[PDB]
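>>> got a sequence here, can you build the structure:
(one chain, ligands or ions: 2)
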Amino acid sequence: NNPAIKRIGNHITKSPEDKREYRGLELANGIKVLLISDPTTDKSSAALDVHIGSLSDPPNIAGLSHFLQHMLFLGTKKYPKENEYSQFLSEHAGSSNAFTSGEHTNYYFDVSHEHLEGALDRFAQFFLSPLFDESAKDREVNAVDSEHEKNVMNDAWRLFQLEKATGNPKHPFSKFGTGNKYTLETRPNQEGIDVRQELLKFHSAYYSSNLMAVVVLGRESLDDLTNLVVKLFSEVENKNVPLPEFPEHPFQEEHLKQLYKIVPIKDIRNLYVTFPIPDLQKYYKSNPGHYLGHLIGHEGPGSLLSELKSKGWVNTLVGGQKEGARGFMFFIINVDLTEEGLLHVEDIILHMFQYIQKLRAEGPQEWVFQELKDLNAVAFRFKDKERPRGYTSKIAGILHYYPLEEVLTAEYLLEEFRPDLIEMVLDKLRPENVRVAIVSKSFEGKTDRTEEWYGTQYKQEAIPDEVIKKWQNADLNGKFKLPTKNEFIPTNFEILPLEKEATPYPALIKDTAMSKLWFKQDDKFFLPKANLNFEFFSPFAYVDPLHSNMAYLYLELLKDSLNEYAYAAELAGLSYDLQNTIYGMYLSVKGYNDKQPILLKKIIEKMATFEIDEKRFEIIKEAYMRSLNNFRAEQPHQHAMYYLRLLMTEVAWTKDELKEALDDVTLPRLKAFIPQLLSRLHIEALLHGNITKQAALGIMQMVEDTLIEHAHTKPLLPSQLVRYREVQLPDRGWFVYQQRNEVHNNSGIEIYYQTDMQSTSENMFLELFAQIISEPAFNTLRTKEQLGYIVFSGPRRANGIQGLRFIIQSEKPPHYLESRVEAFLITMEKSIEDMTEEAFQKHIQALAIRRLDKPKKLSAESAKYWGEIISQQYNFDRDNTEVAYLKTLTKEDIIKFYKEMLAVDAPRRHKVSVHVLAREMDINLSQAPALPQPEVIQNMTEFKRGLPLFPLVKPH
Ligand SMILES: COC(=O)[C@H](Cc1cnc[nH]1)NC(=O)CN(CC(=O)O)Cc1ccccc1
Ligand SMILES: [Zn+2]
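Residues are numbered from 1 along each chain as shown. Ligands and ions are numbered 1, 2, ... in the order given. Provided below are the atomic coordinates:
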């Protein structure tokens, strides 16, 4: 019946809890397509994934497909304005990104539901006729350089590329995917290449319809969506490109039995063990590598990690199958290393092979496969509903691997037990196949190679045959047992009926000296899940650096002692989060409600009766020292944010201070601290989910009762519930605090224009201003001026106060960034003056849609309430309130606000700047205004002392 469609799939299998509707099809040009109808959705989305990526770069131009991905955003023949796509999205409440992997290029956006067509049309042009404007190419090449620059001194990226540098250098695997200025401009100009041409060639050769999948999600019917996709995508030309394949492993014979000694940037100690394996993807119905991953990576009694941890050699372990590309995969087992572990690497690996050996001895286990199958079936049935943008991006990728009918279920449902495939993979995890990498500062000086892209210093050696043979003769070790039935697997999924006295917002249902309980029965999602959130206040959690360290160490020690038992819960969809804050502790327990009271109870019980294993203490204390030390290797913009938090909060201990105070933390001293911390508390909880009022009261009271029984806890006083204040900056001031980042050779800057206390009207002035300036700040500071890859603007909220911040990481110096942002703000008053009233309403509408976007899953609704609670504002209906107010605002209100609080000669401008300098320091463009001389902050304490502090916000 239809020339444009090759076929319509059968029914797409979905969870029976999934109210969205679906239709798969294949266009005549070969594009696999999933259509998703959600008449309830606030944002629509679409994604396109092309089955080409950096593994197909021309050898002489590294990073070409990554570059190309950047360039598609910057104009096409039908919408030639460089930032048409960005601006359209921004003005209709959308967003967009894209990524390039070895074999895919994935592009996605969301938009308000009623402007899908408009968004999708501009989007489709990416794949029909991009301009690759010459002048855009010159500029954007710097954005890609900067993206690489950021990655350079980071240990994950270095290791990632050293792996590729040490296999077969002829294999596409060894290519450098990001690219940079050298690879994408300098060297190609040197070599007479015209990059605009190369982009047109690569696009034309590889952006073929037969290599594409598209997902679209909207309020429209499945028929409307179909006509829509046929319309915008039928014209993508089919060039019938063979899908690249890499049947040959990049780790051939000579790349095996090798040892690599690598010097890291941070002070980390890791061991990476790797075996090449064939491509297991086509076995997705049985999934042998997940099976083995599950076992080798287990964390329960009997497990590999258990014994490594008991010998005091390792704290954490990752194991299982690692994606490679069509043709090859890897199997990994990686662990972090204690200082002892570092000297016992040979032994650690023997234990690995001993554990592998045990699996060979017992053979494949159908009951284990059965448990993965069941958990996966339950995870699927009751999956949370995804945010539309991520969902479309993800399915676009998997439309390339699975029959249309299976795309939703393919990654969840297991169908086939395959002892043959299990055994087959197992037979590859042998010493004669092994690669070993040790990452440690102890190799500084001792190395003889340099990886070319990142500068990684490392050494390579043959592992000696004595050593391989010792690994080959690994007997069984009786400390190693398979896991036993997982008792935490839930079976009760009843959705408790909705109560007569149930409310749209959480109700305060307990207001005692000890504890304040906010409660809501879920009236929206109906999954047998619940979230249980507790803020525990104690003045002794942050009274000083020493106490801070202790709170932290206590809670790390506790998590380490619970790990074995908690791991089962975690596989059963039941997990927890436990951390120290500046107010005392935070505990969250999330997942299936069916066995949640159990886990909860075990936590509070351990918490209140904890006995510290001294050896664990010593190891964790030491990881913590490195961890604080490792802050110096975080990125310049992270430093900038960090210093501003220290400058503007009433109380905050520096990393230095915590470090100094840490050699003072002794076992005696910690043992004494725990009961001190637990002795007086206040608890403010949010219990939200598939649970009743009375179940909720009981859970609350149980937590209280356990603390009382075991630690004798008594209530705090309403007065000692000190929430902290923000520094109040003088009318017309400007302060600069300056530091050096020692590792990275970029600078960072954060600029904060403080405004006033949060409240309905101050909130919406700032927020609308941010909306208006959001996309132009990106467009001006990154796209036109190319100051860096990281360019952010938006509201800052802390401690009840607020303002407007800019954050940029750059190669240029901060005084320079300063003036371009100031230049930008003028451009902004002017474009607000010049904009139509109707362009003004579009911005109101876009923010409105953003603020009113309904949470799609339980824990997003939770998060929203929790913010209301932890900020002590309790404004649960804030969104209809603020939106009502925002609609009454005019151009004039916003010009006044800007002129009062933000303009360079604003009467109430309150400006603070953190400048973080690079490793080594000390036109076409708009006019930057002359600036006042800043007060340079010398000392963070002198500075806070010398200034007022704001009130706190009044509760609702
Ligand atoms: C199937 O389970 C695993 O293989 C392990 C779990 C583990 C826990 N402690 C150690 N290992 N997880 C992984 O290996 C992580 N990724 C793969 C990898 O890079 O190794 C698998 C994964 C990630 C997200 C969600 C589900 C599986
Ligand atoms: Zn990029």
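
>>> for residue 889, what are its contacts?
764, 765, 768, 844 (CB atoms under 8 Å, 6 or more residues apart in numbering). Using the backbone N, CA and C atoms, a C-beta is placed for each residue, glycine as well.

>>> so is it in a helix, a strand, or just coil?
coil (DSSP: H, G, I helix; E, B strand; the rest coil).

>>> could you find the closest non-adjacent residue to residue 70?
residue 140 (5.2 Å; CB to CB, 6 or more residues apart in numbering).

>>> report the buried residues of the helix or strand the one you found falls within.
In this structure, residue 140 sits in helix 134-152 according to DSSP states H and E. Across helix 134-152, burial judged by 16 or more other CB atoms under 10 Å covers 136-137, 139-152.

>>> which one among the contacts of residue 889 gets closest to residue 879?
residue 764 (11.4 Å; CB to CB).

>>> any idea which helix or strand carries the residue lying closest to that closest one once chain neighbours are set aside?
In space, and not counting its chain neighbours, residue 764 is closest to residue 886: 4.5 Å by CB to CB, 6+ apart. Taking DSSP H and E as the criterion, residue 886 maps to helix 878-887.

>>> can you name every helix or strand that that helix contacts?
helix 760-777, helix 837-852 (3 or more CB pairs under 8 Å, 6 or more residues apart in numbering; DSSP states H and E).

>>> burial count for the residue of the stretch 351-500 of the chain found nearest ligand 1?
Using CB to the nearest ligand atom, the single residue of the stretch 351-500 of the chain nearest to ligand 1 is residue 372, 7.9 Å away. Neighbours of residue 372 under the rule other CB atoms under 10 Å: 16.

>>> my guess is it contacts residue 291. True?
Yes: Residue 372 lies in contact with residue 291 (CB atoms under 8 Å); the separation is 6.8 Å.

>>> before we move on, back to that, separation between the residue nearest to residue 70 and residue 53?
Distance of residue 140 to residue 53, given as CB to CB, to the nearest Å: 18 Å.

>>> all strands of the stretch 701-850 of the chain, in order?
714-715, 734-740, 747-757, 791-798, 801-810 (DSSP state E, counting those that start in this stretch).

>>> buried residues in the fourth one?
The reference is to strand 791-798. 791, 792, 793, 794, 795, 796, 798.

>>> over to stretch 69-81?
Residues of stretch 69-81 classed as buried: 69, 70, 71, 72, 73, 74, 75, 76, 79 (neighbour count, 16+ other CB under 10 Å).

>>> what does stretch 457-477 give?
Those would be 457, 458, 463, 467, 468, 470, 471, 474, for stretch 457-477 by 16+ other CB under 10 Å.

>>> equivalent analysis for stretch 809-825, please.
809, 810, 812, 814, 817, 818, 820, 821, 822, 823, 824, 825.

>>> next: stretch 386-399.
Within stretch 386-399, judged by 16+ other CB under 10 Å, the buried ones are 386-389, 391-399.

>>> from these, pick the one nearest residue 718.
For these, the nearest to residue 718 is residue 387 (38.9 Å; CB to CB).

>>> right, and the closest one touches residue 854 too?
No: applying CB under 8 Å as the test, residue 387 and residue 854 come out as separate, 11.1 Å apart.

>>> can I get the buried residues of stretch 69-81 in a markdown table with distance to residue 925 and secondary structure?
Converted to a markdown table, the buried residues of stretch 69-81 look like this (distance: CB to CB, whole Å; DSSP: H, G, I helix; E, B strand; the rest coil):
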| residue | distance to residue 925 | secondary structure |
| --- | --- | --- |
| 69 | 27 | helix |
| 70 | 22 | helix |
| 71 | 22 | helix |
| 72 | 26 | helix |
| 73 | 22 | coil |
| 74 | 19 | coil |
| 75 | 21 | coil |
| 76 | 26 | strand |
| 79 | 25 | coil |
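
>>> next, format those residues as CSV and append distance to ligand 1.
Formatted as CSV, these follow (distance: CB to the nearest ligand atom, whole Å):
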residue, distance to ligand 1
69, 24
70, 27
71, 31
72, 29
73, 29
74, 33
75, 37
76, 36
79, 37
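
>>> surely the residue nearest to residue 70 and residue 69 touch.
No: contact between residue 140 and residue 69 fails when scored by CB under 8 Å: they sit 10.4 Å apart.

>>> still on that earlier bit, got a list of what the residue nearest to residue 70 touches?
67, 70, 71, 74, 783, 786.

>>> assign the residue of the stretch 301-450 of the chain found nearest ligand 1 to helix, strand or coil.
Nearest residue of the stretch 301-450 of the chain to ligand 1, counting by CB to the nearest ligand atom: residue 320, 2.7 Å away. Here residue 320 is recorded as strand under three-state DSSP.

>>> tell me how the protein divides into domains.
1-243, 244-473, 500-726, 727-956 (curated CATH domains).

>>> could you dump those domains into TSV with distance to residue 484 added?
Shown next, in TSV, are these (distance: least, CB to CB, whole Å):
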stretch	distance to residue 484
domain 1-243	29
domain 244-473	8
domain 500-726	9
domain 727-956	30
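
>>> and stretch 169-188, which residues are buried?
171-181, 183-185, 188.

>>> and residue 35, that's in a helix?
No: judged by three-state DSSP, residue 35 forms no part of a helix; its state is strand.

>>> show me what from the stretch 301-450 of the chain comes close to ligand 1.
Taking CB under 6 Å from any ligand atom as the test, the list of the stretch 301-450 of the chain residues beside ligand 1 reads 317, 318, 319, 320, 322, 332.
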